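What follows is a single structure, written as structure tokens, with notes after it.
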Number of protein chains: 2
Amino acid sequence: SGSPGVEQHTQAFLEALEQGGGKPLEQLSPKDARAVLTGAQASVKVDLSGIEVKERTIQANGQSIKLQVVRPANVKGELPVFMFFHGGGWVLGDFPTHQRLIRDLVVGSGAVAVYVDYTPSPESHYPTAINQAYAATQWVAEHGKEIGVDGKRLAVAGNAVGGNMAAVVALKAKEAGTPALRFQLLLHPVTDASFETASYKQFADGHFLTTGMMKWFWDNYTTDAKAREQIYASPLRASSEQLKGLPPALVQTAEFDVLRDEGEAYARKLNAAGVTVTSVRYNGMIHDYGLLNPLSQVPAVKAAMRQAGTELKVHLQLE
Amino acid sequence: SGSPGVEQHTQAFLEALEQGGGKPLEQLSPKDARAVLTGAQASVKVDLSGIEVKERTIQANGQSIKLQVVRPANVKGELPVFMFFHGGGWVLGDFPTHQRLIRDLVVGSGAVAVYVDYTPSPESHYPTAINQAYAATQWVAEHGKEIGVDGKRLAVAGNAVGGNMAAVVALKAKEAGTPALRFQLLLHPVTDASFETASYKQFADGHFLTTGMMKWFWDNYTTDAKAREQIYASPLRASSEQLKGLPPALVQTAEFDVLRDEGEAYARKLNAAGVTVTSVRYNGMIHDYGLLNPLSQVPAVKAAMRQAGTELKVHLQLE
Ligand SMILES: CC(=O)O[C@H](C(=O)O)c1ccccc1Cl
Ligand SMILES: CC(=O)O[C@H](C(=O)O)c1ccccc1Cl
Ligand SMILES: CC(=O)O[C@H](C(=O)O)c1ccccc1Cl
Ligand SMILES: CC(=O)O[C@H](C(=O)O)c1ccccc1Cl
Ligand SMILES: CC(=O)O[C@H](C(=O)O)c1ccccc1Cl
Ligand SMILES: CC(=O)O[C@H](C(=O)O)c1ccccc1Cl
């Protein structure tokens, strides 16, 4: 478990995982793997106060798409808004597993989150979910009044493959010429369908997210090699010209995460393309510390969450 | 100038420095070198609003020590407080060169800064300044009412050698058993009188702070090898037992800073000793981005400053 330099509570978490192992996640059926995350997130008392949650089903992408709209409690008027794309490696995850993370971003930013219930993998494959994600984002931009938001002040946010999804939705919005986006919040994003970065090599196991999981996640998403080479799957492969004009980004990475290097590399490519980027590595931390309910009271995690909420707020102001 | 991955405005700054060079800083007299920083900081329009500045001379350390007390404007009552220790490699720096940085921390935190006017080097040598710094911190703890602060809610903060000073004052407070400190804010701290870390090797020149400057700074501070080995000069040399019980820390480092590795290493040692630490590397950034007035409008720099102010605020609340 862990490494020299892992933050103390995080290291204890890793050791607890190592104890009483269980089968590797990637050896489970999608149903059983989904239940592992559900059970783990439900195992910890967490503050979910300060929010008003309501479901809305929309017609877009030529289908019905379910949204969970999460609004700061006791606030009147149209509020700015961020789309929220959940992580879980495409196979896992949903709204309640991610509700604490979403709640923290909403309460900290004062903005409304719109969770999009994209179709999981392998039930669907690329590009089904990203097309749903984009469709919902366009819908919010043009129909925001219906759910109490100002669709002209619109960001995208997500963790892990949700960070992939947020980045790709920003690219799709550029491709489509609409909608205008204020900001992209990328928390430990997946950015490349390749597994040879220094961080992938160093943290292959023992640090929660493993290389084995990442390959399984990608395989469930799509085994089409040409699909994986597209910028809408692996945005790290985009040229400077393709990245030009994307909205300002905050990218948080974790020191002990296989995805650390590709996230920081994507931030560099955005910067080289003239996009405004803040790229921050949280040392001592593991992958997706912001999702994990058992880590939500770690002081560094709280600091990272204060930052994520504040930066959403900064970019969602009037004028 | 610079490297692949340097944030765009920062890279332009580095290129401007390279153009129209001038003599290396470390070849100048202390007087002339001091004027270089003064002139550069004065070259940029910056917001200094929202603060009330007043000088106070105190009797401590068996001498007179000048303080600049920087209070949020239009606020009544006793406020919590952080000591502020300026950087400049011991040779350079003062209050006005650092006033924008201090102002940003005050306005963002809502807490009062107490700048300590320690004796520069080589006019004095180790341990004169750190003894003054500690003496002033103890004074504020016990006499805070006189300058409108709650001395029981007291943090230490500083940039570069000021980060060294803040860390060392926390160690001296532990050694003395007083005063109680809420928090240490270390912005790109100097932590070791050695020059062989990977970051020292990689960024030896071309990134504002050079290895040559750092060696000159240390030489002016003290050439006593035994002094440099003391934990009050090089706190990285402290054992876990020596670090045990120190106050919670936020350490910000910069990706392209010779001091990056020793700062992150000190954060690791604090964590190993059970101290609460948040260690954050701002990618794309150079050394002491928070001091430099020409960089104060870079978005990543603004985000880092919002974080520094917020974390001071978090740790200076009642109860
Ligand atoms: C990677 C794994 O095996 O799942 C963990 C477990 O409960 O074992 C786990 C632990 C805490 C939070 C989430 C998850 Cl998913
Ligand atoms: C790459 C991805 O999306 O990461 C997931 C995440 O942490 O969100 C994840 C990774 C490992 C175990 C559980 C979960 Cl849920
Ligand atoms: C778990 C947690 O609350 O850590 C806090 C935070 O960073 O929010 C914190 C808040 C106030 C004082 C100390 C500390 Cl450590
Ligand atoms: C390191 C050096 O030579 O000083 C710089 C210069 O003006 O050349 C400089 C530039 C901007 C801000 C401060 C300073 Cl000190
Ligand atoms: C090590 C130190 O204290 O760094 C100074 C700082 O950036 O504060 C500094 C470094 C290079 C040039 C000017 C100045 Cl002022
Ligand atoms: C120079 C600067 O203000 O950048 C800002 C910041 O991060 O504070 C900012 C604020 C609102 C919207 C965009 C941007 Cl980029």
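In the structure tokens, the first chain shown is A, the next is B, and so on; residue numbers restart at 1 for each chain, and ligands run from 1 in the order shown.
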
Backbone-only DSSP, strand (DSSP E or B) members of segment 197-315 of chain B, as a ChimeraX atom specification: /B:249-256,277-286

Contact set, chain B to chain A: 6 Å, only C-alpha atoms, as a list in words: residues 5, 268, 278, 279, 280, 281, 282, 283 and 300 of chain B

All residues having an atom within 9 Å of ligand 2 (only C-alpha atoms and all ligand atoms) as a ChimeraX atom specification: /A:25,33-34,36-37,86-93,97-98,159-164,188-190,208-210,213-214,217-218,259,287-292

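From atom CA of residue 22 of chain B back to atom 6 (C, counted along the ligand's line) of ligand 4, the distance works out to 8.2 Å.
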
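Nearest residue to residue 227 of chain A, choosing from A:45, A:125, A:103, A:215 and counting only C-alpha atoms: A:125.
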
Determine which residues of segment 13-227 of chain A receive a DSSP assignment of helix (DSSP H, G or I), computed from the backbone, and state them as an NGL selection string. :A and (13-18 or 25-27 or 30-41 or 95-109 or 128-147 or 161-176 or 198-202 or 211-221 or 225-227)

Keeping only C-alpha atoms, write the selected residues as an mmCIF file, in the first residue's frame.
data_model
loop_
_atom_site.group_PDB
_atom_site.id
_atom_site.type_symbol
_atom_site.label_atom_id
_atom_site.label_comp_id
_atom_site.auth_asym_id
_atom_site.auth_seq_id
_atom_site.Cartn_x
_atom_site.Cartn_y
_atom_site.Cartn_z
ATOM 1 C CA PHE A 13 -7.076 4.326 3.748
ATOM 2 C CA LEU A 14 -4.800 2.477 1.318
ATOM 3 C CA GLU A 15 -3.713 0.070 4.044
ATOM 4 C CA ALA A 16 -7.333 -0.633 4.980
ATOM 5 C CA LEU A 17 -8.070 -1.467 1.328
ATOM 6 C CA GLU A 18 -5.091 -3.840 1.179
ATOM 7 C CA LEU A 25 -12.614 -4.707 -9.373
ATOM 8 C CA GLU A 26 -11.939 -5.488 -13.033
ATOM 9 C CA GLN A 27 -12.713 -9.174 -12.456
ATOM 10 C CA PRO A 30 -20.367 -4.397 -14.182
ATOM 11 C CA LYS A 31 -23.352 -4.868 -11.821
ATOM 12 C CA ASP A 32 -21.180 -6.160 -8.981
ATOM 13 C CA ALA A 33 -18.466 -3.566 -9.605
ATOM 14 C CA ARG A 34 -21.094 -0.806 -9.497
ATOM 15 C CA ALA A 35 -22.261 -2.131 -6.122
ATOM 16 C CA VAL A 36 -18.695 -1.948 -4.732
ATOM 17 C CA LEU A 37 -18.603 1.819 -5.301
ATOM 18 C CA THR A 38 -22.160 2.225 -4.033
ATOM 19 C CA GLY A 39 -21.358 0.340 -0.846
ATOM 20 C CA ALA A 40 -18.099 2.146 -0.199
ATOM 21 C CA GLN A 41 -19.561 5.617 -0.680
ATOM 22 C CA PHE A 95 -25.637 10.387 -9.121
ATOM 23 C CA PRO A 96 -25.779 9.139 -5.525
ATOM 24 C CA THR A 97 -22.201 7.769 -5.535
ATOM 25 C CA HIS A 98 -21.137 11.264 -6.593
ATOM 26 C CA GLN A 99 -23.637 13.308 -4.588
ATOM 27 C CA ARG A 100 -21.209 14.453 -1.883
ATOM 28 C CA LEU A 101 -18.685 15.691 -4.461
ATOM 29 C CA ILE A 102 -21.469 17.444 -6.399
ATOM 30 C CA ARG A 103 -22.881 18.944 -3.199
ATOM 31 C CA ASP A 104 -19.458 20.277 -2.201
ATOM 32 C CA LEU A 105 -19.000 21.976 -5.599
ATOM 33 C CA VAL A 106 -22.497 23.466 -5.460
ATOM 34 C CA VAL A 107 -22.244 24.782 -1.905
ATOM 35 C CA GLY A 108 -18.729 26.145 -2.459
ATOM 36 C CA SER A 109 -19.455 27.807 -5.802
ATOM 37 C CA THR A 128 -22.840 7.495 -26.938
ATOM 38 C CA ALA A 129 -22.170 9.096 -23.542
ATOM 39 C CA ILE A 130 -20.207 12.093 -24.848
ATOM 40 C CA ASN A 131 -22.971 12.804 -27.383
ATOM 41 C CA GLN A 132 -25.515 12.702 -24.540
ATOM 42 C CA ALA A 133 -23.255 14.910 -22.447
ATOM 43 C CA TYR A 134 -22.934 17.491 -25.210
ATOM 44 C CA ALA A 135 -26.660 17.343 -26.025
ATOM 45 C CA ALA A 136 -27.524 18.063 -22.375
ATOM 46 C CA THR A 137 -25.039 20.946 -22.231
ATOM 47 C CA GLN A 138 -26.524 22.541 -25.350
ATOM 48 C CA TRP A 139 -29.986 21.992 -23.841
ATOM 49 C CA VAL A 140 -29.075 23.770 -20.616
ATOM 50 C CA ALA A 141 -27.596 26.702 -22.566
ATOM 51 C CA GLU A 142 -30.835 27.215 -24.494
ATOM 52 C CA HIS A 143 -33.471 26.169 -21.946
ATOM 53 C CA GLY A 144 -31.865 27.044 -18.623
ATOM 54 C CA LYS A 145 -34.785 29.181 -17.457
ATOM 55 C CA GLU A 146 -36.837 25.968 -17.209
ATOM 56 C CA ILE A 147 -34.566 24.668 -14.458
ATOM 57 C CA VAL A 161 -13.569 9.903 -16.952
ATOM 58 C CA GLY A 162 -15.955 12.697 -16.054
ATOM 59 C CA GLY A 163 -13.007 15.049 -16.507
ATOM 60 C CA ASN A 164 -12.472 13.408 -19.897
ATOM 61 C CA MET A 165 -16.154 14.047 -20.602
ATOM 62 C CA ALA A 166 -15.965 17.704 -19.545
ATOM 63 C CA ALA A 167 -12.872 18.299 -21.693
ATOM 64 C CA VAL A 168 -14.479 16.551 -24.670
ATOM 65 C CA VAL A 169 -17.756 18.451 -24.289
ATOM 66 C CA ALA A 170 -15.736 21.687 -24.442
ATOM 67 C CA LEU A 171 -14.139 20.394 -27.661
ATOM 68 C CA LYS A 172 -17.555 19.423 -29.047
ATOM 69 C CA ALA A 173 -18.902 22.875 -28.194
ATOM 70 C CA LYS A 174 -15.989 24.400 -30.123
ATOM 71 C CA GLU A 175 -16.681 22.034 -33.037
ATOM 72 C CA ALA A 176 -20.378 22.938 -33.025
ATOM 73 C CA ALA A 198 5.888 7.782 -15.982
ATOM 74 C CA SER A 199 3.000 8.035 -13.522
ATOM 75 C CA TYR A 200 1.250 4.991 -15.032
ATOM 76 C CA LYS A 201 4.489 3.072 -14.581
ATOM 77 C CA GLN A 202 5.185 4.225 -11.040
ATOM 78 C CA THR A 211 -3.427 0.275 -14.431
ATOM 79 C CA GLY A 212 -5.484 -2.905 -14.652
ATOM 80 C CA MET A 213 -8.644 -0.975 -13.847
ATOM 81 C CA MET A 214 -7.827 1.730 -16.374
ATOM 82 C CA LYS A 215 -7.340 -0.769 -19.171
ATOM 83 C CA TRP A 216 -10.579 -2.521 -18.233
ATOM 84 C CA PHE A 217 -12.413 0.815 -18.161
ATOM 85 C CA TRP A 218 -11.137 1.737 -21.629
ATOM 86 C CA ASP A 219 -11.938 -1.744 -22.985
ATOM 87 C CA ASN A 220 -15.547 -1.459 -21.819
ATOM 88 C CA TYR A 221 -15.769 2.042 -23.317
ATOM 89 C CA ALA A 225 -8.402 1.553 -31.927
ATOM 90 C CA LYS A 226 -9.388 4.255 -34.405
ATOM 91 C CA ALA A 227 -12.036 5.557 -32.008
#

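The space separating atom CA of residue 84 of chain B from atom CA of residue 53 of chain B comes to 13.5 Å.
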
Best match for closeness to ligand 3 among A:297, A:74, A:260, A:204, counting only C-alpha atoms and all ligand atoms: A:297
